[PDB]
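S.K.: here's my sequence, what's the structure:
(chains A, B, C, D and E)
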Amino acid sequence: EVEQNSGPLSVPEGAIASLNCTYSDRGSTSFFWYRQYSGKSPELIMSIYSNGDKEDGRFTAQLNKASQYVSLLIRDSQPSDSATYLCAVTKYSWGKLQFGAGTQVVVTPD
Amino acid sequence: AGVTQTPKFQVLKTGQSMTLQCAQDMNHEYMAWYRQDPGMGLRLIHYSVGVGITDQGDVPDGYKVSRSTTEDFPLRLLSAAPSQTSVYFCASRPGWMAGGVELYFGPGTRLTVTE
Amino acid sequence: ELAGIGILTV
Amino acid sequence: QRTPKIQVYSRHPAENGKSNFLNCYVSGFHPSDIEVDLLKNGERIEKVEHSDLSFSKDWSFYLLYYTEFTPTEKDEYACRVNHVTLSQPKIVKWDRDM
Amino acid sequence: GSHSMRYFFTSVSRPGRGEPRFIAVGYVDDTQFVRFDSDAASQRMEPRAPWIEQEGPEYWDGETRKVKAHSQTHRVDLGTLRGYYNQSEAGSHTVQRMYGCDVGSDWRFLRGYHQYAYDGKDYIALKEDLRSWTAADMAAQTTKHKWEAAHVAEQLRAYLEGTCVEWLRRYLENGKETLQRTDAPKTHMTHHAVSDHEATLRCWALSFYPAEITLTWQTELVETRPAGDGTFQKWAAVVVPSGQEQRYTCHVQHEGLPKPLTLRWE
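M.R.: Numbers count the residues shown, from 1 in each chain, chains lettered A, B, ... in the order given. Have a look at this structure:
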């Protein structure tokens, strides 16, 4: 069970988009965010394993294993970041990936 | 070149049968089929950890797969039902022992089953 | 408790 | 290749007629293939337990071999170890104050 | 009052004799608490300590699954490594892996480890920052590139600073009677003449835990050894001119002692 708010989230250009996601299996080890443009295919943009923050480009992922939530931050939001962002959680390398329904983000022109 | 699927769009009448192609030239040991329905996110149908090896996913009923080579992983619809109306994604990656983590997805197949 | 990630063939 | 290091000793200070344990501690060797025997008057003792194979920071292996015994005045105990790095088996005799 | 959890993995190839032998053991400090042996009948993680047995089937299911995965990768490792060094199939070889974490007397993360060896030599190792690798020779470099690209270091770092530490604390608590004990060494001294003008003084430390100890004459020094019942032994010797026995003192330092001991021939 991987839970996400469907949205849509309406965020102004240049602002910071704030997405989050909760999972039920405490033993989960691997956490991912996939991006899916409308009518297209999911594509991995972030992965995170340790508690705290991880930072890659305009993307920041945040993980709290204690509270069992994982977050994604998008800095310098652009219209071209308008998509659905899927949360993905598995346990161990060989574990089956569990996908959330995704949150849609709409980034409006300045 | 990534992952290719065939066809990208398809309409079917109830009871009809169809095979969705999926090919990949990256020598990935692992391939899998997913379906996306509005508001649910991705559900695993079948997957294959290697040539000749396949196993059932979250929702395998009504579907059959084979894995004769590394490159191909076709999905057979037995008798199309309206419930099977969805978008179908093929995905692949190296095996986990080799460091495979990211799933590489194909373009998707939009499939409509009419009554 | 063993590591469930990061153990890979050389 | 690294030759085994051998210690023979008892779990408790030895007293004639008191139950004890005879130990043979081998360490610092490589590879892990090794044969360890506890001897009583020059012949092999049969009921001999051993620890599970582990190693140290320098990657060398170590094992504890041990058996229950009751010391007497006449009986001589020793440990015999054979390993690829040894031309002939090595025998360490049990001196009860070492 | 620092504590550690440490796992050791050994794989030895057996040319023409089937599967490689695989040996895994787990330690909390100087105390072993789990093991797996590919040659045993159970084919599962086995308890080796009374306090780990309270764990339920999910734990054992999890550990058996991971330890099997460990043996699979090492099985493949032997084949791969034989190729990297251009060795024939005719000989036996060894690969070894060790990893784990240390916590301080406050049970906060202290340090982390992960090292790999082939035939008893350093092959590749995670540096202290847990963010980069130390690769020895030409062959290890290829593994380094592969593991860099696969983000292995990020994964191991998350385990060592997280899961390893959290569980290490869990073990310490559950086996507190076993693991958080200080058995002070029981000491005594031995005297034996080695000549007409000189004698040997031997200082004994017995039945202590943990293994860490300091023996000092104010020298023949054997390495600390297990007693077999969960305690350790050590002694130290000096050769002394006969008659001058009283001038020498043995000094014993150990966690279980409120204050260090001093012993002279008496």
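
S.K.: tell me who's in contact with the most centrally placed residue in chain B.
M.R.: Centroid-nearest residue in chain B, with Cα atoms, centre = their mean: residue B:33, separated by 2.9 Å. Listed by Cβ atoms under 8 Å, 6 or more residues apart in numbering or on different chains, the contact set of residue B:33 reads B:20, B:22, B:44-47, B:57, B:63, B:65, B:73, B:75, B:88-91. Any C-beta I mention is one placed from the backbone N, CA and C, and that applies to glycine too.

S.K.: closest to residue E:225 among the residues you listed?
M.R.: The closest of these to residue E:225 turns out to be residue B:47 (Cβ to Cβ; 52.1 Å).

S.K.: correct me, but the closest one touches residue B:31?
M.R.: Yes: taking contacts as Cβ atoms under 8 Å, residue B:47 lies within contact range of residue B:31: 6.9 Å.

S.K.: now whichever residue of chain C sits closest to chain E. Nearest residue, chain neighbours left out?
M.R.: Using Cβ to the nearest Cβ, the closest approach of chain C to chain E is made by residue C:6 at 3.3 Å. Closest residue in space to residue C:6, ignoring its immediate chain neighbours: residue E:155 at 3.3 Å, by Cβ to Cβ, 6 or more residues apart in numbering or on different chains.

S.K.: and the one you found, what is it in contact with?
M.R.: A:49, C:5, C:6.

S.K.: what's the answer for residue B:71, then?
M.R.: Contacts of residue B:71 by Cβ under 8 Å, 6+ apart are B:23, B:24, B:25.

S.K.: ok, and the most crowded of those?
M.R.: residue B:24 (21 neighbours; other Cβ atoms under 10 Å in any protein chain shown).

S.K.: coming back round to it: which of the contacts of residue B:71 fall within strands?
M.R.: Per DSSP state E, strands hold the following members of the contacts of residue B:71: B:23, B:24.

S.K.: give me the element the residue in chain C positioned nearest to chain B is part of.
M.R.: Closest approach between chain C and chain B, counting by Cβ to the nearest Cβ: residue C:9, at 4.9 Å. Under the criterion DSSP states H and E, no helix or strand holds residue C:9.

S.K.: correct me, but it touches residue E:71?
M.R.: No: assessed by Cβ under 8 Å, residue C:9 is found out of contact with residue E:71, at 11.7 Å.

S.K.: count the residues that sit near residue D:21.
M.R.: Applying other Cβ under 10 Å, we find 16 residues neighbouring residue D:21.

S.K.: and it, how far from residue D:96?
M.R.: Residue D:21 is 13 Å from residue D:96, where distance means Cβ to Cβ, to the nearest Å.

S.K.: same check on residue A:6?
M.R.: With distances taken as Cβ to Cβ, residue A:6 is found 79 Å from residue D:96.

S.K.: what helix or strand is residue A:31 on?
M.R.: strand A:30-36.

S.K.: give me the helices and strands touching that strand, please.
M.R.: strand A:43-48, strand A:59-64, strand A:69-74, strand A:83-90 (3 or more Cβ pairs under 8 Å, 6 or more residues apart in numbering or on different chains; DSSP states H and E).

S.K.: can you tell me the closest non-neighbouring residue to residue 56?
M.R.: Looking at chain A here, since you left the chain open. residue A:46 (6.2 Å).

S.K.: was after chain D, sorry
M.R.: Closest residue in space to residue D:56, ignoring its immediate chain neighbours: residue D:62 at 6.5 Å, by Cβ to Cβ, 6+ apart.

S.K.: how about residue D:84?
M.R.: Among residues not flanking residue D:84 along the chain, residue D:1 sits closest, at 6.4 Å (Cβ to Cβ, 6+ apart).

S.K.: run a quick neighbour tally on that neighbour.
M.R.: Using other Cβ under 10 Å: residue D:1 sits among 10 other residues.

S.K.: so what's residue D:30 up against?
M.R.: D:1, D:2, D:59, D:60, D:61, E:94, E:119, E:120.

S.K.: quick one: these as a markdown table, columns for secondary structure too.
M.R.: What follows is these, written out as a markdown table (DSSP: H, G, I helix; E, B strand; the rest coil):
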| residue | secondary structure |
| --- | --- |
| D:1 | coil |
| D:2 | strand |
| D:59 | coil |
| D:60 | coil |
| D:61 | strand |
| E:94 | strand |
| E:119 | coil |
| E:120 | coil |
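
S.K.: what helix or strand is the residue nearest to residue E:107 when sequence neighbours are not counted located in?
M.R.: In this structure, residue E:107 finds its nearest non-sequential neighbour in residue E:169, 5.4 Å apart by Cβ to Cβ, 6+ apart. Following DSSP H and E, one finds residue E:169 within helix E:164-174.

S.K.: is chain C within reach of the next helix or strand after that helix?
M.R.: Using DSSP H and E, the next helix or strand after helix E:164-174 towards the C-terminus is helix E:176-179. No: against chain C, helix E:176-179 shows no contacts by Cβ under 8 Å from any Cβ of the partner chain, the least distance being 15.5 Å.

S.K.: just the strands in chain D please.
M.R.: According to DSSP E, chain D carries its strands in the segments D:5-10, D:20-29, D:35-40, D:43-44, D:49-50, D:54-55, D:61-69, D:77-82, D:90-93.
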